[PDB]
Amino acid sequence: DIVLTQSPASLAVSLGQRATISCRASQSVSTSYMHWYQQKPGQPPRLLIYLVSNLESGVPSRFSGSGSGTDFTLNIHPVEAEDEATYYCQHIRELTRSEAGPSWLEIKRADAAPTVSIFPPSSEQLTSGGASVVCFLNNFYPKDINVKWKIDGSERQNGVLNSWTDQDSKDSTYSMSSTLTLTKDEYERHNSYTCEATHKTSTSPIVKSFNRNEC
Amino acid sequence: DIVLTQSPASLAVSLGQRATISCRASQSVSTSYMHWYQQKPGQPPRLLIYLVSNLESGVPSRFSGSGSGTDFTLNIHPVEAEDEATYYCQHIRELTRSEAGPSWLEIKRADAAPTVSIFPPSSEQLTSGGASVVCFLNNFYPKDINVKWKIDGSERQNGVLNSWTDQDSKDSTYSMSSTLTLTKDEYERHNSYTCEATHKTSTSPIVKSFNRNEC
Amino acid sequence: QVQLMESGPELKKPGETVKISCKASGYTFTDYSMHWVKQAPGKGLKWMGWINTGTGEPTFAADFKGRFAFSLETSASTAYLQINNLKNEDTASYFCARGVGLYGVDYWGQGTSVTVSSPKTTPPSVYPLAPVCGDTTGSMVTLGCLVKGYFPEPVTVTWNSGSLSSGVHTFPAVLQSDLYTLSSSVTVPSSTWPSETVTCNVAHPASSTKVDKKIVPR
Amino acid sequence: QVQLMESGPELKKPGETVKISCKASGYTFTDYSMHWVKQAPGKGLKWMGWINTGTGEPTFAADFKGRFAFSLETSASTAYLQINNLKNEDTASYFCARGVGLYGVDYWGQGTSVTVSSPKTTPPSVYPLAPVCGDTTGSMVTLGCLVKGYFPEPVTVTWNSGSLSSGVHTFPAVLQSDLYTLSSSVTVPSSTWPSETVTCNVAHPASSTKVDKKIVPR
Amino acid sequence: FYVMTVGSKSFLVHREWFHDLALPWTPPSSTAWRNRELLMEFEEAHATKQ
Amino acid sequence: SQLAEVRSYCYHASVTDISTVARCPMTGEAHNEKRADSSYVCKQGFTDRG
Amino acid sequence: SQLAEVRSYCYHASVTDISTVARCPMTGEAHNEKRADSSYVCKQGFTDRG
Amino acid sequence: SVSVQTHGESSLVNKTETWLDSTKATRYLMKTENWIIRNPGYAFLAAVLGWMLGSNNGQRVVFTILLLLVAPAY
Amino acid sequence: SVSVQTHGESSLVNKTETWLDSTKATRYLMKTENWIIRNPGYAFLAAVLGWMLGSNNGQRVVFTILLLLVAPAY
């Protein structure tokens, strides 16, 4: 039992900038035998630094692991768009073997507001008796955002289903979907269906709503 | 170190009936040295039985302590309106001294519905900017009841304060107060105000409601 | 006539210190143990500990160890529960208990409910509660008294100076912002209201406010 | 080249038994500790354990002890994690990892995700989601596709046969009652809708259901 | 001596000798014990089973 | 008159939750985490193997 | 090529959260609940009192 | 144990009847005999060594009967 | 009784782990030591007896250390 914690959890950065990813050995002196494992989403992990001090062969010298035995850092002095990833640090000094909660490389950019569009349930869906009010909060940077589904002025958190893109490959924004799924009965017993999106780009929620009585 | 549990938690009974109140020593064998204590509400408890097998002097022979060392029982073969009380049993074989979760004697009766009356905030309160919708649910037996506050068809559990009488000395029912406290703005941003109460006498909530738009 | 006479229930604030007196009577004091049992306001008897009566040596339950002082005065036979660095948990009815020891505790302090909390005495905000059409049940129009935001308890809530206890259910005063609301329900026939005055009369000796609120229809 | 290759991602049900392969390549199998690391769908790498490659002797983390069978085929250089009594917790991506030992694990199985759960293959409910007055953002009418209630993933949600890539945000399908719903959104200019057809083309290879819904004005 | 409660009754025991009782025993209050194994036993390992 | 409890003794015990975590030959010390709970009594040992 | 861990040793240790639960003369065995946690090292003893 | 090394004897104050009395009187002789009565083949060999060594007559006997006690409780 | 006079030792076939084994070895020494550990005052006075008598050296000890064990539980 030895714990590692790798800070931050994510860093929004310019590519080529130096974003150093800290780590620490909670126990003993781990000394050497810590690593850095880059795992991009949907990948097997990829080992970067070994003994906390040494690159693997494939990983270029931009990656630098550093720190000794109670504390550690993963540096990339030129973090890259190719370096966009999830990085891990792994104490090997003892079994059990474990992994610190990662740091992510996000590419910093202009802050973008979500394009927010609240589509009532398709008439196709309404004919099924189910009603899902979909609110698509699109192209926002950073990912910091929240959905609030307001119903007849009484905010409903139920039937809410959220699905959002990641840092968006072209603009590096994020896009989000907020789906308010109602029984068409309660969909019809209440009228104003309001998704409002608060985002670091907006001092207030970005309000997108429909009263079914409207069209 | 040694723990006790005294069942039932409460027993609704005909006075004169035999309601035997169990107790048990979780640890060791307490052997002797459990003791029955009646506490009528707001009293220092009155010690009933000593060694769990022996009446005190002031307690009548109707109280029967019984059980041995891992288990004990408080029997009143003629339970009474005076025997209405919060009963305790205490393992003394070991410090720390502790008690079992007590057993109440309730006098059984016919099931009575709550007399449910939903009072909107008086002008005295509406002039104060605070708004409390107060619903008095009077004289229900049993005590088993659930109050709900529905607002514009959307139930509000907020600003909800509940105060209920005990077994009501004459009819032996229970009376309750349900209270819906609102900011007069939210009190006036919503309309339908409902205290619905499901009580064992009714398979449905007993609904008392007003709309501010009503009178 | 062995009787354990304690101090009275005492309102306190956090960070303070309270010493509950318990004077013992009716027996040779030295010859029994002296026990303390916390009964939390809603929770069953939680035994605080005991002090030696002869020696004056206290011993506390693990939970009660270190914040609490069991002290005796031999001659006048006064046991003491002293609670130091008062905390809201220190609000409860506390009981000195003369030990019959392995045979338990025979007798009990009349009870002392310490009340530890910040608030300052505040008068009630009392609302004559006027029933609506949905509030009229049979002959009886239920009427109500909304007492609001007072510290401390009690308020004495009567109906027409207590002439109505009959349909009166005065419901327990409960905490709001360390202030109290009891809501009293008188149940009066529609023949008596609003034909006869039905006025909930709310007397708060702590704030010295006697508040009479007559229910008149909306 | 040293490459750790594993079995394929597998749908499973609770109570079953899965054995994930790991085949060694490009190195002497015997000489390097074969490791296993659980990446739960949301969790980071949680190291499952290692089986000694020389002896064939497994070693498990206290967590992974007893439910999980490490096994090593020697000649063909394949490693195995066999999970027994499949549980919805056993749903996760699993990685064999070749020990450089006290230097940890260098390489990794290409990944194998077990999905342990009851549901049966189900077609999606594909809903063309039309914009309303507020859903028209600038020149762009944001449009949407609600792909609803299918097991398992994925569905292939294209837009007019994918001819709309850019304004499209196909949002992640997540579990609903062990069925998946994704609400996919194209952002198209109001000039192109509904003047040009916008049809979200949703193919679900598991259910073999290709469902194409044109978004039409409400 | 001490006063040793054995069953319901209690009994006089030399307090020197009383500690000398070899048996699972207790902080006068409550919980954490000493040699609590002396009332417990073991078996063979048949596979994992003991 | 007033007597104090000097200590306590458990003369009758009940074994509960027997948990044996077995490890392979030459794995040395076995690990069963219940040592982290004093309520448990843990015992090292071995399973003879084929 | 490949090695197994026989055991581990802690060559430098860290004292944390020192707690001493005192009891009076003749109160005997001192009760500190932290004996339920092995992470706590508990030590009986006394303070000769006035 | 639970069986052996009793409080016996208190021997303080006590002109009275003890908790367990007639036991402690007959515990010694009986079980020592009841073992050596159970093993009479053990008994006679003890009489050998007393005369074997010490050659002093009256104190030769001290070895034997004291050894008959030994093997009970070893 | 349940105290002494145990089935141990059976020693009929029964090549196995006995009900209670290791504790049987510590019966005889310890509880006899424990008493003479309890009474070193006895241990002071006990072993002087044999050397008083017989002038036979090595066997003068035969009484001494062995009579020490005789004292506990007779």
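Bear in mind these aren't lab numbers, they're just calculated from the coordinates by the rules spelled out. Virtual Cβ from ideal backbone geometry, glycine too; neighbours counted across all protein chains shown.
Brief remarks on what is shown
- Rg(Cα)/(2.2 N^0.38 Å) for chain I, N = residue count: 1.50
- Peptide B:127-136 is shielded by partner chain Cβ atoms: per residue, an average of 5 of them sit within 10 Å of its Cβ.
- Dividing the alpha-carbon radius of gyration of region D:119-215 by the rule-of-thumb value 2.2 N^0.38 Å gives 1.06.
- Cα gyration tensor shape for the protein assembly as shown, rounded if a/c is under 1.5, else prolate or oblate: oblate
- Separation of alpha-carbon centers, region B:57-82 and chain G, rounded to whole Å: 46
- Based on DSSP H segments of at least four residues, each scored -39500 (n - 2.57), the protein assembly as shown has a per-residue ellipticity at 222 nm of -2500 deg cm²/dmol.
- For region D:4-26 and region D:113-170, distance of Cα centres in Å: 30
- Phi to ³J(HN,Hα) by Karplus 6.51 cos²θ - 1.76 cosθ + 1.60 over region F:28-40, Hz, x for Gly, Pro: x, 5, 7, 10, 10, 5, 4, 4, 6, 10, 5, 4, 7
- Per-residue HN-Hα couplings for region A:168-174 [Karplus 6.51, -1.76, 1.60; θ = phi - 60°; Hz; x = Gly/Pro]: 7, 2, 7, 7, 6, 7, 10
- Residues C:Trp50, B:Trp149 arranged by fewest to most Cβ contacts within 10 Å: B:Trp149, C:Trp50
- Shielding by partners for peptide A:89-100, expressed as the average number of C-beta atoms from other protein chains within 10 Å of each residue's C-beta, is 6.
- Fewest-first sequence of C:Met5, A:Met34, F:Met26, H:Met30 by Cβ atoms within 10 Å of each Cβ: F:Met26, H:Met30, C:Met5, A:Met34
- Region H:21-74 versus region A:114-133: alpha-carbon centroid distance in Å: 102
- Of the trypsin sites (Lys or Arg not before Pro) in region A:17-123, those whose Cβ has at most 14 other Cβ within 10 Å and which sit in DSSP loop: A:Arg18
- 0 to 90° range, to nearest 10: angle between helix I:60-70 axis and chain I longest Cα axis: 50
- The amide H of A:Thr73, built 1.01 Å from its N in the peptide plane, has A:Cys23, A:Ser66, A:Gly67 as neighbours under 5 Å, considering only residues 5 or more places off or on other chains.
- Number of partner chain Cβ atoms within 10 Å, mean per residue of F:21-29: 5
- The P(r) of chain G has a tail past 15 Å containing 63 percent of all C-alpha pairs.
- Degrees, to the nearest 10: H:40-52 long Cα axis against longest axis of chain H: 60
- Amide H to amide H distances under 5 Å link C:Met140 with C:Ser190, where only residues 5 or more positions off or on other chains count and H is placed in the peptide plane.
- Exposure proxy ranking, count of Cβ atoms within 10 Å, fewest first, for A:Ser204, D:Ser25: A:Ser204, D:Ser25
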